[PDB]
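Engineer: Task: produce atomic coordinates for the following.
(2 chains, ligands or ions: 5)
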Amino acid sequence: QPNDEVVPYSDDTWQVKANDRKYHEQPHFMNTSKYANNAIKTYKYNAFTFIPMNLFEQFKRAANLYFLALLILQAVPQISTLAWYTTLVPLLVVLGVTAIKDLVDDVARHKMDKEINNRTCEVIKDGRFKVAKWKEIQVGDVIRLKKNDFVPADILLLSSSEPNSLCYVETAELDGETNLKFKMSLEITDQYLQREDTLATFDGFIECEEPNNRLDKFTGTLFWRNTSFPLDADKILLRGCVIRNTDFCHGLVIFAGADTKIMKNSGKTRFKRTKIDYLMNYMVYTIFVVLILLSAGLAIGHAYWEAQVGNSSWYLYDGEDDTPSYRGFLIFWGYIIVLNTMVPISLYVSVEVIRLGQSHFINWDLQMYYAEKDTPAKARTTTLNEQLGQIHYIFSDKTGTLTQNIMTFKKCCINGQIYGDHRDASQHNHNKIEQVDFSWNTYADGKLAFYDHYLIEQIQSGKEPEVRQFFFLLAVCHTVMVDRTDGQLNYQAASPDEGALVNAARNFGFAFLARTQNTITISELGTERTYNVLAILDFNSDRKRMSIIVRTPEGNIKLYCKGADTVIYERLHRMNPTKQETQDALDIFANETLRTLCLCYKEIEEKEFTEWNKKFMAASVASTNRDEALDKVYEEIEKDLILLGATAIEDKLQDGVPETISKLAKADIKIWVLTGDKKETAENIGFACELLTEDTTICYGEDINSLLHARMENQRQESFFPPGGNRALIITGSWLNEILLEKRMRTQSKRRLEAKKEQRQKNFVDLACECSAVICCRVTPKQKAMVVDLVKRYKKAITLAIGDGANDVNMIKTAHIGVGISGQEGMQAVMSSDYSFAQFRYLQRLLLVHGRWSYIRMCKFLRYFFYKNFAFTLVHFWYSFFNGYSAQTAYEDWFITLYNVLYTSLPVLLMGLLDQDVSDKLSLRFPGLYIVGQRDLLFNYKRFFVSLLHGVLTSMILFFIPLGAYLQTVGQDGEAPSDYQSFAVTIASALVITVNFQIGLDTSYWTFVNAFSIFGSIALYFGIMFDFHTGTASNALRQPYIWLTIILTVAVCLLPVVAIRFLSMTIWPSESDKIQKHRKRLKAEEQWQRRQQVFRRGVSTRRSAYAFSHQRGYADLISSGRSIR
Amino acid sequence: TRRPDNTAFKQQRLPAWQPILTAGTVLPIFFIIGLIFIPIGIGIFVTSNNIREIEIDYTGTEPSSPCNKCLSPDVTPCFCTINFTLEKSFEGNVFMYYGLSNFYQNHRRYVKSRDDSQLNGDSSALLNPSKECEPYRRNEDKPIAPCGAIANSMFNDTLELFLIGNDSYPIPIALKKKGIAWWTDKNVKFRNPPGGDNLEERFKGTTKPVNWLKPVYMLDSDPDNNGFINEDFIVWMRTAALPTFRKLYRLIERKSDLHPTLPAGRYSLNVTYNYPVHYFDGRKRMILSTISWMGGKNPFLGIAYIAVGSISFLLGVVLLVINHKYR
Ligand SMILES: CCCCCCCC(=O)OC[C@H](COP(=O)(O)O[C@@H]1[C@H](O)[C@@H](OP(=O)(O)O)[C@H](OP(=O)(O)O)[C@@H](OP(=O)(O)O)[C@H]1O)OC(=O)CCCCCCC
Ligand SMILES: *[C@@H]1O[C@H](CO)[C@@H](O[C@@H]2O[C@H](CO)[C@@H](O[C@@H]3O[C@H](CO)[C@@H](O)[C@H](O)[C@@H]3O)[C@H](O)[C@H]2NC(C)=O)[C@H](O)[C@H]1NC(C)=O
Ligand SMILES: *[C@@H]1O[C@H](CO)[C@@H](O)[C@H](O)[C@H]1NC(C)=O
Ligand SMILES: *[C@@H]1O[C@H](CO)[C@@H](O)[C@H](O)[C@H]1NC(C)=O
Ligand SMILES: [Mg+2]
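Structural biologist: Numbers count the residues shown, from 1 in each chain, chains lettered A, B, ... in the order given. Ligands and ions are numbered 1, 2, ... in the order given. Below, you will see the structure:
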């Protein structure tokens, strides 16, 4: 039942005037207008929604709530320690730092939209056409477009240069389809809106469907010249279409802006937040809970202290009769202040700064810069960097992402002899063979790179005439047009496959020159021979073969047919000596990942045709079921076909695609190819990309549905396939709906239906995620997002979406990371994407270098950030037992403010930007280092508590080693530093050295700035405080005991750390450690090698490599005069 | 957009050093530290032991001591005479301290109870003490001169020593009260209010602290040692770091001759019990120590260095064998 050749938009009034802007601007239409302007909005902050919407997303972070709570608490006079006019500024300062970084990104994408709003298409806004930006288009504007001009908005094709107002548009952006589709126009509109003048006065009314997401079909009507004229999708040019082979076309804008059918298929923009962003929220929640427990634990201890010791301490009299319980409650808020720095104010400015710096390494990368199109990378969102190192699945496009949209004629088997190999003279000599010389051919050009001279002599010599007829077939069986406006002889091929074959046959000598409703004028080796076309047997998806019946100038009638190897082999003559040899070639070409078409012909007698001709005419004239009746008469003639040979067209991939897929397979990233193109084309690029090999057994929608019904029936988990096998899925868009069920008592049954749908979607994801590769073809943009959603929802995986064109926008906005392929004219996926580079292969560096390091660097920053704050802040907790739990800071007031921003700020920021475990060259060579980010190993919720336990232990030694040396005599003289101020500068001095020696141990890439910041922060502390000095450090740090305590405290704090680091490296070295140990001895790095030979024998046809991108109805144009000037 | 700059910073190829914690870089340091912290720990330990120190507790909290009578001073002037003997004569300058035990001078409600601007010699702040010293801001109508709890609860015992010779006549021991405060505190932090020449007029319209028996006017006969710059005042206002502390009280300079400064024998400590601490289980002590080139007498640092030196050396061996086991 499900159809494998149609994209299922179904499973996913309006009024327009002409040149009459004022009417449909009426207040009744206006709402507060129902009609949108043609401008496209992609940014977020337009004029004044910056504050309400940047702060709202700003406070999606946990600590921002934490700082706000402290701000309110510090404003209560009875417990307030600060004036409240300087505690709010730090919150504003840091919030402005992140807000500004968010604004620079927004203005960057606001400029990007202006590029698409300045596309300057001509419109009717006066007595004659006038140039106009895209945004200056309103629903109801008659416009004009030229060759290769993107359609500004869904327009009703009124007229065109081509006869009958034909307009051929390529929809490679709307869908993956690589061929041109012709859009006609109303006969009345064709013969009365040709001249430019008559368009201006055009006053027509259109009553069409409200804006929708159905690109396939369109329902409406046109009232004009006092009559109603129904419309259909064949007259509407969508927004993403590009006009091809048409000098100029005139359209009436129906929809515009977000009302265009393609723009409705764009999903909803969502605020994307990293996985580590969610971790940092839970980690601030944990610290907030611990802060409350410690403060309440010490507040109770104070009450138990004031009860017996404090109340009896006559020197601790303050003239305020407060009960010990009240004093304890009141010092609870005193510890919230003291221990608040346990999560400092600079957590998010540092993460904000690190991501801004890292995302600029993506922009500046010269190994991700495509020079041909002059397009560098672009991290257009600077908030998702560590997540690039956590990608689990990649969901790709195909047309334009994995492929260059170029098809070339590679090989051809003729009479069992395969031509196309590197050869010279009449026998192979060497692999180093120069390009064939086509100078002997007047019509040939240098575009065809054919490295085989044996074929040429066969063409020239003529001793094997079947070779000549092979290429005459390619020059006749097609349906392409020819342009000779200036003698150039340019071919306008609707199908890329037809273009490659007809151009290829042209270079070999058999050039298609002119066409007419009845005759074709191929020239063969310089001889102009005009044939007479008797019937073109059109091509349709189910027919899978195109045939032409011609009468040679002599008088004989011949039939030439090219099509799928399967359909032709069921119509061959009994006697075919080349049947076996050609079948072998189709297997060799299939093994090489090429598109194969078999060529055949038959001899038709004059009397046999006449009886068939009358039958054929009866089928064409019969308009009731013209298509069905035609297929019958088509089959009556294609009975006994003599086999000629085969072809092999190579759909060129982007450079690096097969290599990238293999490398990311070693990194354990699963690549799914979600495409809107046909199944044969999508299946072939899976083989070219090495995603599918002869080892894999391919399962289709029919097979997947059967397996899933089994589990549904079994239950009414176990693997769907054996664990050791290798499998892949090619699920068509129509079968994806079928297998996902997407094709009072009323509300009761809804739960079982949704419970059934939820179980079936989970089963499919478990089936799809057990397969080596998955290719989804013929899927709508909404289905592209759905597949990404299912993987997120049911596998809890980080997803990457890479593509170009508007159909890939939905899955780019739905994936965790959305990459857009830039460098091309179509920039729809670039605007909605998070990163943007011009080439697929650059995905190696984005993940294995930029993503892999971004994770390592952010986790290293996070590990150290919550160290150097628990070490600094828990000293106030240990001191509380020796000051009567009175919330007295163990440090000087000035030290506390400058520690988080001036003594430990820079060292870790430079680590987060410069650290490198292995070289970039050595991290691409070893993709296996990436799995550490897949599993979330460098920073767990257990590595967060280990860092906490690192700061908790460091604080104990930082306080209790100075304590032990001070409870006794310490440099007791006139200038004795035994007092509190000398206490503060010994723990502070030890603390600064310890934490700054810890970032030195952590750092694995000691740049000069890395070393300068580590010692610059230590030297800055020992110099800056002297400026303040009152005079505490002038005497504390000049004593031998105050320096023997600082050295001892540091040694005890760092030596155990060095031992653990060495042991874990010696006993359980990581992947990176092994590579560093042998870095010098690593020399064998062989470049990726395609599987040169997988030849086998035993099966006549193990896989049909047929593929042909073409559409019905083109033959009907030539048969009539519609496409003929 | 155009080609990115091929700068070392932008391309993440800045010249850099890759340190690897190899057995040839972590084992030696665990041994260098081991061979350095042991000699230092031995040197610290022996030097501190060589120091001669006598600590006399005179709180009189427990009976059978000649100071319990002053625990309840029916008459305010109370005196105790604690007898002690020195096994070995002290040499070089000898420092006299008074130690207070369980005395939280680091309490938050107490550390902040002072007016730094007033003590710096600020005319404006002399008559308007800050709210930090609130409970002792004003006594009757005029403000305290050294406001705050820190200045109020100043240690006000008078400790005197006598040497009991062959004739048994108590020989007074010289005690210099000058130069016991931090130089910076004496000459920078603490300064007398400007104006006039006699401190009587400088502190015009200001009362004494509530607890103090006499005003700041005559804390000392010397004009240099009375006022906000008094040595005993400054030493007390330098709040201690831990509940148990000891503040410098008097200096006993080396005798002009070669004889020991405090020849070994029988000594008597004459103390005017004024400061009450028994309410909150506080203890009062008089400590006499001798000058040392290595600071004071700190056994703990010597023990700690030995322990870390031994542990560091032990870790080097444990790490060395583990590396060999996994080599
Ligand atoms: C002396 C006894 C201390 C042993 C404590 C028990 C071990 C411990 O929890 O350490 C407390 C923290 C740890 O601080 P660290 O974060 O530096 O410790 C980790 C270390 O970095 C290892 O290397 P790396 O992965 O970071 O490069 C790591 O490797 P791996 O993950 O492969 O095992 C391991 O993870 P793991 O523990 O397995 O999850 C930890 O030991 O600080 C200290 O190392 C000592 C600080 C205390 C200073 C001395 C206090 C007296
Ligand atoms: C030495 O210092 C102690 C404590 O620092 C002083 O004891 C305190 O003396 C003051 C008055 O001299 C007492 O203040 C009030 O005294 C009146 C009597 O005029 C009395 O009725 C009040 O109830 C209040 O006590 C204060 O209470 C007292 N404090 C203690 C803990 O006993 C002592 O006076 C000082 N002596 C010298 C010679 O400086
Ligand atoms: C303490 O010494 C004095 C003389 O210095 C003497 O009169 C008194 O009896 C002694 N008391 C004790 C308990 O030794
Ligand atoms: C102790 O000092 C006081 C005060 O100077 C003095 O009156 C007394 O004679 C001295 N001798 C004692 C208490 O034995
Ligand atoms: Mg595409």
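Engineer: Spatially nearest residue to residue A:126 (excluding sequence neighbours)?
Structural biologist: residue A:200 (7.8 Å; C-beta to C-beta, 6 or more residues apart in numbering or on different chains). Any C-beta I mention is one placed from the backbone N, CA and C, and that applies to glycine too.
Engineer: From residue A:123, how far out is the one you found?
Structural biologist: 11 Å (C-beta to C-beta, to the nearest Å).
Engineer: When those two are compared, which one has more neighbours?
Structural biologist: Shown here are residue A:200 and residue A:123; by other C-beta atoms under 10 Å in any protein chain shown, residue A:123 has more neighbours (23 against 16).
Engineer: For the more buried one, grab phi and psi.
Structural biologist: Per-residue torsions, residue A:123: phi -140, psi 160 (degrees, to the nearest 10).
Engineer: Look at the spatially most central residue of chain B and give its secondary structure.
Structural biologist: The residue lying closest to the centre of chain B (C-alpha atoms, centre = their mean) is residue B:247, at 4.1 Å. Applying DSSP: H, G, I helix; E, B strand; the rest coil to residue B:247 yields a three-state assignment of strand.
Engineer: ok, it touching residue B:236?
Structural biologist: Yes. The pair residue B:247 / residue B:236 is scored as a contact, 6.5 Å apart, by C-beta atoms under 8 Å.
Engineer: Overlap in contacts, those two.
Structural biologist: When contacts are counted by C-beta atoms under 8 Å, 6 or more residues apart in numbering or on different chains, the set common to residue B:247 and residue B:236 consists of residue B:155.
Engineer: Check the secondary structure at the spatially most central residue of chain A for me.
Structural biologist: Centrality entry for chain A: nearest residue to the mean C-alpha point is residue A:802, 2.0 Å, by C-alpha atoms, centre = their mean. Secondary structure for residue A:802, judged by three-state DSSP, is strand.
Engineer: Now it: closest residue in space that isn't a chain neighbour?
Structural biologist: Residue A:802 sits nearest to residue A:819 (C-beta to C-beta, 6+ apart), 4.1 Å away.
Engineer: can you give me phi and psi for the one you found?
Structural biologist: According to degrees, to the nearest 10, residue A:819 has phi -100, psi 140.
Engineer: same check, this time on residue A:894
Structural biologist: phi -70, psi -40.
Engineer: and it, how many neighbours does it have?
Structural biologist: Neighbours of residue A:894 using other C-beta under 10 Å come to 13.
Engineer: now do residue B:240
Structural biologist: Counted with other C-beta under 10 Å, residue B:240 comes out at 22.
Engineer: my guess is it contacts residue A:981, does it?
Structural biologist: No. With contact defined as C-beta under 8 Å, residue B:240 does not reach residue A:981; the gap is 10.2 Å.
Engineer: Between residue A:200 and residue A:123, which contacts overlap?
Structural biologist: Joint contacts of residue A:200 and residue A:123 (C-beta under 8 Å, 6+ apart) are residue A:142.
Engineer: residue in the stretch 551-700 of chain A nearest to ligand 1?
Structural biologist: residue A:668 (19.3 Å; C-beta to the nearest ligand atom).
Engineer: right, and the secondary structure at that residue would be what?
Structural biologist: Each residue gets one of three states, and residue A:668 gets coil by three-state DSSP.
Engineer: tell me the contacts of it?
Structural biologist: A:928, A:930, A:931, A:934.
Engineer: Start from the N-terminal end of the stretch 251-400 of chain A and give the strands.
Structural biologist: Secondary structure of the stretch 251-400 of chain A (DSSP state E, counting those that start in this stretch): strands at A:393-396.
Engineer: Which parts of it are helices?
Structural biologist: A:261-264, A:275-305, A:324-338, A:347-364 (DSSP state H, counting those that start in this stretch).
Engineer: Tell me the buried residues within the contacts of residue A:668.
Structural biologist: Applying 16 or more other C-beta atoms under 10 Å in any protein chain shown to the contacts of residue A:668, the neighbour count classes A:930, A:934 as buried.
Engineer: near ligand 2, which of the contacts of residue A:668 show up?
Structural biologist: Among the contacts of residue A:668, no residue lies close to ligand 2 (C-beta under 6 Å from any ligand atom).
Engineer: now, which of the contacts of residue A:668 sits nearest residue A:652?
Structural biologist: For the contacts of residue A:668, the closest approach to residue A:652 (C-beta to C-beta) belongs to residue A:930, at 28.5 Å.
Engineer: pretty sure that closest one is touching residue A:854, no?
Structural biologist: No. The criterion here is C-beta under 8 Å, and residue A:930 misses it with residue A:854 at 11.8 Å.
Engineer: okay, and the common contacts of those two?
Structural biologist: By C-beta under 8 Å, 6+ apart, the residues touching both residue A:930 and residue A:854 are residue A:389.
Engineer: In this structure the residue nearest to the centre of chain A contacts residue A:396, no?
Structural biologist: Yes. When contacts are counted by C-beta under 8 Å, residue A:802 is listed as touching residue A:396 (5.3 Å).
Engineer: so what sits against both of these two?
Structural biologist: Common neighbours of residue A:802 and residue A:396 (C-beta under 8 Å, 6+ apart) are residue A:840.
Engineer: separation between the residue nearest to the centre of chain A and residue A:714?
Structural biologist: 37 Å.
Engineer: In contact with the spatially most distant residue from the centre of chain A, which residues?
Structural biologist: In chain A, counting by C-alpha atoms, centre = their mean, residue A:314 sits farthest out from the average C-alpha position, at 72.8 Å. Neighbouring residues of residue A:314 by C-beta under 8 Å, 6+ apart: B:153, B:276, B:279, B:280.
Engineer: How about residue B:256?
Structural biologist: Counting by C-beta under 8 Å, 6+ apart, residue B:256 has no contacts.
Engineer: Now do the SS call for it.
Structural biologist: For residue B:256, the assignment made with three-state DSSP gives coil.
Engineer: mind listing what the residue lying closest to residue A:636 once chain neighbours are set aside touches?
Structural biologist: In this structure, residue A:636 finds its nearest non-sequential neighbour in residue A:612, 6.2 Å apart by C-beta to C-beta, 6+ apart. Residues near residue A:612 by C-beta under 8 Å, 6+ apart: A:633, A:636, A:637.
Engineer: A strand includes residue A:612, no?
Structural biologist: No. Under three-state DSSP, residue A:612 falls outside any strand and is assigned helix.
Engineer: OK, contacts around residue A:649?
Structural biologist: A:407, A:408, A:409, A:410, A:497, A:500, A:501, A:594, A:595, A:597, A:1107.
Engineer: Please repeat the previous calculation with a cut-off of 10 Å.
Structural biologist: A:407-412, A:496-501, A:504, A:589, A:594-597, A:684, A:1107-1108 (C-beta atoms under 10 Å, 6 or more residues apart in numbering or on different chains).
Engineer: Fine, thanks again, bye for now.
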